[PDB]
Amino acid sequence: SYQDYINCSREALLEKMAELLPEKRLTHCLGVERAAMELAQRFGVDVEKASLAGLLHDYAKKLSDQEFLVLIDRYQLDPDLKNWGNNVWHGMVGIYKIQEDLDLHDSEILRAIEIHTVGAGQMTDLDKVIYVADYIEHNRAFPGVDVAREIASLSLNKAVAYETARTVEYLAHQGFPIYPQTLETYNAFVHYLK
């Protein structure tokens, strides 16, 4: 059960999250919970760890810049983090808010949440399931989601590659800064597109 990892039931957590998140964002988390479970079954990841990490991944999406900055200092995180924003923070720093609020201590779950946005050069299968589930969950409808879905039905590694390529391409198209760890992910996985 979820109480095996956190300080409340799934139902209690959902009530908590309905307070913290707009309806669309909660619906997203619910979709990721479901998609993570499906991927975990396909690729031999603990379905329960996957479901829970999937539900929790965007827990900290609505924290303010001020809160994240507090957390960086208190937890003595990489100082460079101040140069970034929500996109990087909600996973990389947001895991600390999760730990505080829910007493989550499992390192594998914490890590999968931590890098859900940016990835890493080395990712566990659980990290990959969450990274991909976020992108393919049933509520998403962005052009090309169908391709991501088909890829993910066959290969976790190629799904990570496709999503990361698309993200880098779009950030450059938009003229947004690219977190260097995103590029570590890109370069590690891009060969899977071949």
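Residue positions are given as counts along the sequence shown, with the first one as 1.
- When the two stretches 134 to 142 and 66 to 74 are set side by side, the higher mean Cα temperature factor goes to 66 to 74.
- The deposited model assigns a higher average Cα B-factor to 77 to 85 than to the other stretch when 77 to 85 and 113 to 121 are compared.
- Per-chain ranking of the deposited C-alpha B factor places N7 in the highest third.
- In the PDB entry, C29 places in the middle third of its chain by CA B-factor.
- Among the modelled residues of its chain, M37 has a C-alpha B-factor that falls in the middle third according to the deposited record.
- Sort the chain's modelled residues by C-alpha temperature factor and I178 lands in the lowest third, per the entry.
- Per the PDB record, residue ranking by Cα B-factor puts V168 in the lowest third of the chain.
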